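Student: This is the content of entry_34.cif (mmCIF, N, CA and C atoms):
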data_query
#
loop_
_atom_site.label_atom_id
_atom_site.label_comp_id
_atom_site.auth_asym_id
_atom_site.auth_seq_id
_atom_site.Cartn_x
_atom_site.Cartn_y
_atom_site.Cartn_z
N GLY A 90 0.81 -1.21 0.00
CA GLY A 90 0.00 0.00 0.00
C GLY A 90 0.84 1.26 0.00
N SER A 91 1.12 1.78 -1.19
CA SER A 91 1.93 2.99 -1.32
C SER A 91 1.14 4.10 -2.02
N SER A 92 0.62 3.79 -3.20
CA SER A 92 -0.15 4.76 -3.97
C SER A 92 -1.48 5.07 -3.29
N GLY A 93 -1.95 6.29 -3.46
CA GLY A 93 -3.21 6.69 -2.85
C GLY A 93 -4.21 7.20 -3.87
N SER A 94 -5.36 7.67 -3.39
CA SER A 94 -6.41 8.17 -4.26
C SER A 94 -6.05 9.56 -4.80
N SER A 95 -5.22 9.58 -5.84
CA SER A 95 -4.80 10.84 -6.44
C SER A 95 -5.79 11.30 -7.50
N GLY A 96 -6.87 11.95 -7.05
CA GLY A 96 -7.88 12.43 -7.97
C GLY A 96 -9.11 12.95 -7.25
N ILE A 97 -9.81 13.89 -7.88
CA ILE A 97 -11.01 14.47 -7.30
C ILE A 97 -12.09 14.69 -8.36
N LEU A 98 -13.34 14.76 -7.92
CA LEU A 98 -14.46 14.98 -8.83
C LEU A 98 -15.03 16.38 -8.66
N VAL A 99 -15.15 17.10 -9.77
CA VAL A 99 -15.68 18.45 -9.76
C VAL A 99 -17.16 18.46 -10.12
N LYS A 100 -18.02 18.49 -9.09
CA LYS A 100 -19.46 18.50 -9.30
C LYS A 100 -20.03 19.89 -9.04
N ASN A 101 -21.30 20.07 -9.40
CA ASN A 101 -21.97 21.36 -9.20
C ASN A 101 -21.26 22.46 -9.98
N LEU A 102 -21.06 22.23 -11.28
CA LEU A 102 -20.40 23.21 -12.13
C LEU A 102 -21.41 24.13 -12.79
N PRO A 103 -20.97 25.36 -13.12
CA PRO A 103 -21.82 26.36 -13.76
C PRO A 103 -22.17 25.99 -15.20
N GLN A 104 -22.73 26.95 -15.93
CA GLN A 104 -23.11 26.73 -17.32
C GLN A 104 -21.94 27.00 -18.26
N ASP A 105 -21.05 27.89 -17.84
CA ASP A 105 -19.88 28.24 -18.64
C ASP A 105 -18.62 27.61 -18.07
N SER A 106 -18.79 26.52 -17.32
CA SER A 106 -17.67 25.82 -16.71
C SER A 106 -16.76 25.21 -17.78
N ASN A 107 -15.45 25.29 -17.55
CA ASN A 107 -14.48 24.75 -18.49
C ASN A 107 -13.19 24.36 -17.77
N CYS A 108 -12.34 23.60 -18.46
CA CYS A 108 -11.08 23.16 -17.89
C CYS A 108 -10.17 24.35 -17.59
N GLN A 109 -9.97 25.20 -18.59
CA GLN A 109 -9.12 26.38 -18.44
C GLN A 109 -9.37 27.05 -17.09
N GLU A 110 -10.60 26.98 -16.61
CA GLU A 110 -10.97 27.58 -15.33
C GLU A 110 -10.54 26.68 -14.17
N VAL A 111 -10.82 25.38 -14.30
CA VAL A 111 -10.47 24.42 -13.27
C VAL A 111 -8.96 24.36 -13.06
N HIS A 112 -8.22 24.17 -14.15
CA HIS A 112 -6.77 24.09 -14.10
C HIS A 112 -6.20 25.22 -13.24
N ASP A 113 -6.54 26.45 -13.60
CA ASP A 113 -6.06 27.62 -12.86
C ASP A 113 -6.49 27.55 -11.40
N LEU A 114 -7.72 27.10 -11.17
CA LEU A 114 -8.25 26.99 -9.81
C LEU A 114 -7.35 26.11 -8.95
N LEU A 115 -7.02 24.92 -9.45
CA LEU A 115 -6.17 24.00 -8.72
C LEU A 115 -4.70 24.19 -9.10
N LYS A 116 -4.28 25.45 -9.18
CA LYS A 116 -2.91 25.78 -9.53
C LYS A 116 -1.94 25.27 -8.47
N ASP A 117 -2.32 25.44 -7.20
CA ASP A 117 -1.49 25.00 -6.09
C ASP A 117 -1.04 23.55 -6.29
N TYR A 118 -1.96 22.71 -6.74
CA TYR A 118 -1.66 21.30 -6.97
C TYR A 118 -1.25 21.06 -8.42
N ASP A 119 -0.63 19.91 -8.67
CA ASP A 119 -0.19 19.55 -10.01
C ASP A 119 -1.23 18.68 -10.71
N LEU A 120 -1.86 19.22 -11.74
CA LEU A 120 -2.87 18.49 -12.50
C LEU A 120 -2.23 17.65 -13.60
N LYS A 121 -2.73 16.44 -13.78
CA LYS A 121 -2.21 15.53 -14.80
C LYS A 121 -3.17 15.44 -15.98
N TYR A 122 -4.47 15.44 -15.69
CA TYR A 122 -5.49 15.36 -16.73
C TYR A 122 -6.79 15.99 -16.27
N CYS A 123 -7.55 16.53 -17.21
CA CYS A 123 -8.83 17.17 -16.91
C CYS A 123 -9.87 16.84 -17.97
N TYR A 124 -11.04 16.38 -17.52
CA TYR A 124 -12.12 16.02 -18.43
C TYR A 124 -13.43 16.66 -17.99
N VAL A 125 -13.78 17.78 -18.62
CA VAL A 125 -15.02 18.48 -18.29
C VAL A 125 -16.21 17.87 -19.02
N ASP A 126 -17.26 17.57 -18.27
CA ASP A 126 -18.47 16.98 -18.84
C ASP A 126 -19.68 17.88 -18.61
N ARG A 127 -19.91 18.80 -19.54
CA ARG A 127 -21.04 19.73 -19.43
C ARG A 127 -22.35 18.97 -19.25
N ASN A 128 -22.57 17.97 -20.09
CA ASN A 128 -23.78 17.16 -20.03
C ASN A 128 -24.11 16.79 -18.58
N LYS A 129 -23.10 16.35 -17.85
CA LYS A 129 -23.28 15.96 -16.45
C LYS A 129 -22.61 16.97 -15.52
N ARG A 130 -22.26 18.13 -16.06
CA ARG A 130 -21.61 19.17 -15.28
C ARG A 130 -20.62 18.57 -14.28
N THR A 131 -19.70 17.75 -14.78
CA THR A 131 -18.71 17.11 -13.94
C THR A 131 -17.33 17.12 -14.60
N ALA A 132 -16.32 17.55 -13.85
CA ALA A 132 -14.96 17.61 -14.37
C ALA A 132 -14.02 16.73 -13.55
N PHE A 133 -13.50 15.68 -14.17
CA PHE A 133 -12.59 14.76 -13.50
C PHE A 133 -11.16 15.29 -13.54
N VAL A 134 -10.60 15.55 -12.37
CA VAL A 134 -9.23 16.06 -12.27
C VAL A 134 -8.31 15.03 -11.61
N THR A 135 -7.12 14.86 -12.18
CA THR A 135 -6.15 13.91 -11.65
C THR A 135 -4.96 14.63 -11.04
N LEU A 136 -4.96 14.76 -9.72
CA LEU A 136 -3.88 15.43 -9.01
C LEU A 136 -2.61 14.58 -9.03
N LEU A 137 -1.56 15.07 -8.37
CA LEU A 137 -0.30 14.36 -8.31
C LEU A 137 -0.36 13.22 -7.29
N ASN A 138 -0.54 13.58 -6.02
CA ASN A 138 -0.62 12.60 -4.95
C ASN A 138 -2.01 12.61 -4.31
N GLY A 139 -2.30 11.57 -3.53
CA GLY A 139 -3.59 11.48 -2.87
C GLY A 139 -3.74 12.50 -1.76
N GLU A 140 -2.75 12.56 -0.87
CA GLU A 140 -2.78 13.49 0.25
C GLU A 140 -3.25 14.87 -0.21
N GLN A 141 -2.72 15.33 -1.34
CA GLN A 141 -3.08 16.63 -1.88
C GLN A 141 -4.59 16.75 -2.03
N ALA A 142 -5.22 15.73 -2.60
CA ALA A 142 -6.66 15.72 -2.79
C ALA A 142 -7.39 15.77 -1.45
N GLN A 143 -7.12 14.79 -0.60
CA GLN A 143 -7.76 14.72 0.71
C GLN A 143 -7.98 16.11 1.28
N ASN A 144 -7.08 17.03 0.96
CA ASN A 144 -7.17 18.41 1.44
C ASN A 144 -7.86 19.30 0.41
N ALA A 145 -7.30 19.34 -0.80
CA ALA A 145 -7.86 20.15 -1.87
C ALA A 145 -9.37 20.03 -1.92
N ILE A 146 -9.88 18.84 -1.61
CA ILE A 146 -11.31 18.59 -1.62
C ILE A 146 -12.05 19.62 -0.76
N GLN A 147 -11.84 19.54 0.55
CA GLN A 147 -12.49 20.46 1.48
C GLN A 147 -11.97 21.88 1.28
N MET A 148 -10.67 22.01 1.08
CA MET A 148 -10.05 23.32 0.87
C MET A 148 -10.72 24.06 -0.29
N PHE A 149 -11.28 23.30 -1.22
CA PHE A 149 -11.94 23.88 -2.38
C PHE A 149 -13.43 23.56 -2.37
N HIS A 150 -13.83 22.66 -1.48
CA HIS A 150 -15.23 22.27 -1.36
C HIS A 150 -16.13 23.50 -1.20
N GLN A 151 -17.28 23.48 -1.86
CA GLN A 151 -18.22 24.59 -1.79
C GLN A 151 -17.50 25.92 -1.95
N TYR A 152 -16.43 25.92 -2.74
CA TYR A 152 -15.65 27.13 -2.97
C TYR A 152 -16.47 28.16 -3.75
N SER A 153 -16.05 29.42 -3.68
CA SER A 153 -16.74 30.50 -4.37
C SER A 153 -16.34 30.54 -5.84
N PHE A 154 -17.27 30.19 -6.71
CA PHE A 154 -17.02 30.19 -8.15
C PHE A 154 -18.31 30.45 -8.93
N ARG A 155 -18.40 31.62 -9.54
CA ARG A 155 -19.57 31.99 -10.32
C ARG A 155 -20.83 31.95 -9.45
N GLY A 156 -20.72 32.46 -8.23
CA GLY A 156 -21.85 32.47 -7.32
C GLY A 156 -22.34 31.07 -7.00
N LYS A 157 -21.52 30.07 -7.29
CA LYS A 157 -21.88 28.68 -7.02
C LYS A 157 -20.95 28.07 -5.97
N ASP A 158 -21.29 26.87 -5.52
CA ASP A 158 -20.49 26.18 -4.51
C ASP A 158 -19.88 24.91 -5.09
N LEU A 159 -18.74 25.06 -5.77
CA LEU A 159 -18.06 23.93 -6.38
C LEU A 159 -17.92 22.78 -5.38
N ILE A 160 -18.56 21.65 -5.69
CA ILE A 160 -18.51 20.48 -4.83
C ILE A 160 -17.39 19.53 -5.25
N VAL A 161 -16.42 19.34 -4.36
CA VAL A 161 -15.30 18.45 -4.64
C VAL A 161 -15.41 17.15 -3.85
N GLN A 162 -15.24 16.03 -4.54
CA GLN A 162 -15.32 14.72 -3.91
C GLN A 162 -14.14 13.84 -4.31
N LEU A 163 -14.07 12.65 -3.72
CA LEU A 163 -12.99 11.72 -4.02
C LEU A 163 -13.29 10.92 -5.28
N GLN A 164 -12.27 10.25 -5.82
CA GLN A 164 -12.43 9.45 -7.02
C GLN A 164 -12.96 8.06 -6.69
N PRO A 165 -13.55 7.39 -7.69
CA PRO A 165 -14.10 6.04 -7.52
C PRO A 165 -13.02 4.99 -7.32
N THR A 166 -11.82 5.28 -7.82
CA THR A 166 -10.70 4.35 -7.70
C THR A 166 -10.76 3.59 -6.38
N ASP A 167 -11.31 2.38 -6.43
CA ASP A 167 -11.42 1.55 -5.24
C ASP A 167 -10.80 0.18 -5.47
N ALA A 168 -10.51 -0.53 -4.38
CA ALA A 168 -9.91 -1.86 -4.47
C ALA A 168 -10.97 -2.94 -4.33
N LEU A 169 -12.18 -2.66 -4.82
CA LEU A 169 -13.28 -3.61 -4.74
C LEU A 169 -13.38 -4.21 -3.34
N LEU A 170 -13.40 -3.35 -2.34
CA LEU A 170 -13.51 -3.79 -0.95
C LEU A 170 -14.94 -3.68 -0.45
N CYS A 171 -15.74 -4.71 -0.73
CA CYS A 171 -17.14 -4.73 -0.31
C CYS A 171 -17.25 -4.48 1.19
N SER A 172 -16.42 -5.16 1.97
CA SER A 172 -16.44 -5.01 3.42
C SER A 172 -15.02 -5.10 3.99
N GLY A 173 -14.90 -4.90 5.30
CA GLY A 173 -13.61 -4.96 5.95
C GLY A 173 -13.71 -5.27 7.43
N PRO A 174 -14.16 -6.49 7.75
CA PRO A 174 -14.32 -6.93 9.14
C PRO A 174 -12.98 -7.14 9.84
N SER A 175 -11.92 -7.28 9.04
CA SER A 175 -10.58 -7.48 9.58
C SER A 175 -10.33 -6.58 10.79
N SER A 176 -10.36 -7.17 11.98
CA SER A 176 -10.14 -6.41 13.21
C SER A 176 -10.96 -5.13 13.21
N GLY A 177 -12.21 -5.23 12.77
CA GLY A 177 -13.09 -4.07 12.73
C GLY A 177 -13.92 -3.93 13.99
#
Written as structure tokens, how would this file's structure read?
Tutor:
Amino acid sequence: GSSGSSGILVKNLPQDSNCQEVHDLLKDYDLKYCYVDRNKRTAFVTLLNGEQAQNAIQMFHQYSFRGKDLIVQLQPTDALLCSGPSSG
């Protein structure tokens, strides 16, 4: 277990939402790829490391953008872990 969840989901996007805007927004962090989906108003961003996201999420969560509250969440990237009773 070394690699982490390096990525975040950009939900609650405006009507004129675009990557050029997102990229600049997450300037502090290093972006690898960006996929804006107007149809579903969702932009998938791939940060450098996971730790960065864990923070960038809330740090940018409900952020001020076009009078809207940009909702940032974690990526689906999961290890198919239905449950985890192991010493739970």
Student: For atom C of residue 93 in chain A and CA of residue 155 in chain A, determine how far apart the two atoms are, in Å to one decimal place.
Tutor: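 Taking atom C of residue 93 in chain A and CA of residue 155 in chain A, their separation equals 29.9 Å.
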Student: Can you turn the PyMOL selection byres ((chain A and resi 95) around 6.5) into a concrete residue list for this file, as a list in words?
Tutor: residues 92, 93, 94, 96, 97, 134, 135, 136, 137, 138, 139, 140 and 142 of chain A
Student: Just checking: using only C-alpha atoms, which residue out of A:128, A:133, A:141, A:177 ends up closest to residue 111 in chain A?
Tutor: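 Answer, going by the shortest atom-to-atom distance: A:133.
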Student: Assuming the chain letters and numbering stay as they are in my file, what does the PyMOL selection byres (((chain A and resi 159 and name CA) around 9) and name CA) actually select? List them as an NGL selection string.
Tutor: :A and (99-103 or 149-154 or 157-158 or 160-161)
Student: Please write as a list in words the full residue list that the PyMOL selection byres ((chain A and resi 165) around 8) yields on this file.
Tutor: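 So the PyMOL selection byres ((chain A and resi 165) around 8), applied here, picks out residues 94, 96, 97, 98, 162, 163, 164, 166, 167 and 168 of chain A.
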